[PDB]
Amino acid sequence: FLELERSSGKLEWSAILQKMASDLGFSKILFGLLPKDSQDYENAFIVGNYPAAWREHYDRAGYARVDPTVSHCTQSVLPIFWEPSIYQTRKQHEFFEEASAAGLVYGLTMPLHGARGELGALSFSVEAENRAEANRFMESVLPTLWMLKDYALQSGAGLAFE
C-alpha cells in the first residue's frame, strides 16, 4: 500500500499497481483520472493494461458517455460490479458485446473522488468461467480493494496533481 506512495513516477507506480492487482488475482486493470470539473474523458490520465485497441476504440467512440461504470462514478463513491444488468441501454448492450470481445467480461469499478475534485475510476477485471465464480471472488477481496482504491487515488493523484 505505502509502496504506491513512495514510487517516484508514473511508470514504476503503474507497475506496482498492476503487480498488486495481479497478486490479488486480477488480469486487467485501469486507473483513470480527470481533474475537477473536467469532462475530457478522452484525455484522462490512464494507467493499466487494458487492450490498447479497446482503449482507442473507447475514446474514439466516446464510450465514456456510454460506459455505465463511468456515469455511476460521476454519481457515487460505491463500487459497481460488471453485472449484465448494469448494461441497460441498447448502446450499453453493444458496449458489453464489444468489451467482451476485448476480454473485459467480469470485474468491478471503484469510483474515485479525490481531495481536490479529481474524478476517476479504478477498475479490476478477472478472468472467470462464470458470474457465480467471479462475483464470489471479487466479494472475497473487496475490503482489500476498498482500501487499495483510496491509496491508489491519493498517490496516483499525487503524481498527476503534482
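Numbering starts at 1 and runs along the sequence shown.
**Q** If you average the CA temperature factors over each stretch, which comes out higher, 104 to 112 or 34 to 42?
**A** Comparing averages over the C-alpha atoms only gives 34 to 42.
**Q** Taking the recorded C-alpha temperature factors, which stretch has the higher mean, 124 to 132 or 62 to 70?
**A** That would be 124 to 132.
**Q** Going by what the PDB entry lists, where does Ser14 fall on CA B-factor within its chain: lowest, middle or highest third?
**A** Ranked within chain, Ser14 CA B lands in the middle tercile.
**Q** What third of the chain does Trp54 rank in for C-alpha temperature factor, lowest, middle or highest?
**A** For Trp54, whose C-alpha B-factor we compare with every modelled residue in the chain, the answer is the lowest third.
**Q** Rank-wise, by C-alpha B-factor, drop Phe137 into the lowest, middle or highest third of its chain.
**A** Its C-alpha B-factor belongs to the highest third of this chain's values.
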